[PDB]
Amino acid sequence: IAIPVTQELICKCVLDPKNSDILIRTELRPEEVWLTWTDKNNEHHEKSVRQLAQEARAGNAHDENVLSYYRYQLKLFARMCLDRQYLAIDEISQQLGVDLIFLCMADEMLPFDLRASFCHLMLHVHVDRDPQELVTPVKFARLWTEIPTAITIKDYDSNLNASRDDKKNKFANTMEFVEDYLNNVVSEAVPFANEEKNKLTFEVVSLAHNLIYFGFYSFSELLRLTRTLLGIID
Amino acid sequence: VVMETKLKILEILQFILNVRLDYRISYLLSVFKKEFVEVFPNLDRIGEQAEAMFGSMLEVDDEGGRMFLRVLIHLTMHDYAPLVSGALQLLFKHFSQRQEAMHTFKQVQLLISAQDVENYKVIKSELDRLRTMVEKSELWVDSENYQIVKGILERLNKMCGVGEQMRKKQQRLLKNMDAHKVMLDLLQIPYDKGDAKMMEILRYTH
């Protein structure tokens, strides 16, 4: 459970601009993302995340170390954005947008642990905010006019969409990525064999659960996802 | 991690089943409305439709419900207590679809009268505004926000109404509108002693 006092103190201390050096900065440029970091000395190094992963697979010690540092920084940011702590959620959102996080998430060449960290950051930063709120799947008060003479799956989905507040969906790409990843996982002979893949699977399933409880999915999409989830279990 | 993801999937499946129950209730309401409008612009036909809706398309698994049962039985054998409890609950609730559907349908509220529609609209707006204000509690723990909250509380208090015949309907509508949850969440807001506006709004909520 998040501790508001220490969390706020750490937010104030870490996000202080005077401590901007200790944090690696990721920038999206024409479309690839580059990480820029300052070593213990007053020197700056900028390199592509894909290149960092390539050399880490090769066996470079410094590149692996900086990748691990970035992963732990992402974990710290995600922990800082727990229980809707906005003083840091806004800073992370401005520093890290939806598009950049999704780009880092979808790519498969990057290590699984980093993808899981990005998924956790996405869940704790953007999924849970003011516009999103828990929705009861069953409602007891129904207007006489709103009842349709003929009801089907498509009509029910249209009614749910009408009930939805935001016409524009910022997580459609995330939802498609989640569906594709779950389909790929169920396609695997062993759903839970690789330790690294298990963490990413846990992050994506948690993201799907939180999106579902927030009403982001339609009935047809939920029904389709049901079979894939059951195949994942067994 | 495997147990955690399995538990999350179980929760997702429970939500899916709840949505299916909601769709079934909507189907019953639509059939009843169609029958009423056709006959009075019959019982056997609607009964046959209701019996037939229960298990094709509204299937949790493509195997006709078998795969769900095998998955639940397999999960019940795991050592993780929460997973076993969830699997047992889902298995028990899987064979009580008709009972749950009828129980949910028995509590359906229509709000036919225009006055009922106006009450629903105003109550929904006030509850949404109150919940939005409650979410941003830190912004007004210690401005016009207090006046807005007081006005919303007074409007809801007036909406409660008078008269037993009207009071029963108003209370039923409020209960169906999930006002208790938001009001109790407001009551749980952190407070500092000595803020007169705060005890005033607390008394209004009480």
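Protein sequence lines correspond, in order, to chains A and B. Under UniProt numbering, residues 643 to 672, 690 to 893 are what the first sequence spells out, in order. Under UniProt numbering, residues 963 to 1003, 1024 to 1037, 1043 to 1129, 1166 to 1229 are what the second sequence spells out, in order. Ideal Cβ placement from N, Cα and C applies to all residues, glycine included.
Looking from the CA of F878 of chain A, the closest CA among A:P796, A:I891, A:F851, A:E714 belongs to A:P796. Excluding sequence positions up to five before and after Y1107 of chain B, its CB lies within less than 6 Å of the CB of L1098, all in the same chain and listed in chain order. Ranking B:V964, B:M1206, B:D1215, B:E1125 by CA distance to the CA of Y1227 of chain B puts B:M1206 first. Beta-bridge partners of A720 of chain A (DSSP): none assigned. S776 of chain A sits buried, since 16 or more C-beta atoms from the chains shown fall within 10 Å of its C-beta.
As a beta-bridge residue in DSSP terms, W696 of chain A pairs with A:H704. In this structure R986 of chain B does not touch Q1096 of chain B by the C-beta definition: roughly 17 Å separates them, more than the 8 Å allowed.
Around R801 of chain A, the beta-carbon contacts reaching into chain B at under 9 Å are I987, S988, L991, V1095, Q1096, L1097, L1098. Every alpha helix (DSSP H) of 4 residues or more that sits fully in the stretch 1048-1126 of chain B is shown, in chain order, as 1053-1063, 1068-1081, 1084-1092, 1101-1122.
Interface annotation, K1220 of chain B: not in contact with chain A, CB-CB separation never under 8 Å. Considered as a whole, the stretch 737-792 of chain A harbours 745-754, 757-765, 771-781 as its complete alpha helix (DSSP H) runs of no fewer than 4 residues, in chain order. With respect to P1069 of chain B, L1126 of chain B sits apart: the two C-beta atoms are not nearer than 8 Å.
Look at the stretch 646-671 of chain A: it has no residue with a C-beta under 9 Å from a C-beta of chain B. Shown here, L670 of chain A sits in a strand according to DSSP, grouped into three states. DSSP places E835 of chain A in the helix class (H, G or I) of the three-state scheme. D789, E792, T795, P796, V797, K798, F799, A800: these are the residues of the stretch 780-800 of chain A whose beta carbon lies less than 8 Å from some beta carbon of chain B, given in chain order. Contact annotation: the stretch 761-779 of chain A does not touch the stretch 801-815 of chain A, with fewer than three C-beta pairs closer than 8 Å. Among the residues facing chain B, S865 of chain A is included, as its CB has a counterpart in that chain under 8 Å away. When C-alpha distances from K826 of chain A are compared across A:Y731, A:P790, A:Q649, A:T860, the shortest belongs to A:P790. Relative to the Cα of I971 of chain B, the nearest Cα in the group A:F873, A:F861, A:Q754 belongs to A:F861.
For the 8 Å CB-CB criterion, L1179 of chain B and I1224 of chain B do not form a contact. At the C-beta level, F736 of chain A and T833 of chain A stay beyond 8 Å of one another. One finds nothing in chain A with a Cβ atom closer than 7 Å to the Cβ of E1223 of chain B; even the nearest lies about 26 Å away. Contacts with chain B at 8 Å (Cβ-Cβ) do not include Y840 of chain A. Counting only residues of its own chain and dropping the five nearest sequence neighbours on each side, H721 of chain A has no CB closer than 6 Å to any other CB. Of the residues assessed, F998 of chain B falls on the exposed side of the cut-off, its CB having fewer than 16 other CB atoms within 10 angstroms. Spatial neighbours of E723 of chain A in its own chain (CB-CB distance under 6 Å, excluding positions within 5 residues in sequence) are listed in chain order as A715. The CB of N1199 of chain B comes closer than 9 Å to the CB of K798, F799, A800 in chain A, given here in chain order.
Separation of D1218 of chain B and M1120 of chain B (C-alpha to C-alpha, rounded to the nearest whole angstrom) is 18 Å. In terms of Cβ geometry, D1048 of chain B and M1035 of chain B do not form a close pair [threshold 8 Å]. In summary, the residues of the stretch 828-854 of chain A whose CB is separated from some CB of chain B by less than 8 Å are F851, in the order they occur in the chain.
Shown here, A848 of chain A sits in coil according to DSSP, grouped into three states, outside any helix or strand.
Close partners of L1209 of chain B in chain A (Cβ separation under 7 Å) are lacking, with about 15 Å as the shortest Cβ gap. In this structure, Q649 of chain A places its C-beta atom within 8 Å of the C-beta atom of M739 of chain A. Residue pairing by DSSP places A800 of chain A opposite B:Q1096 in a beta bridge. A distance of 8 Å or more separates the beta carbons of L657 of chain A and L726 of chain A.
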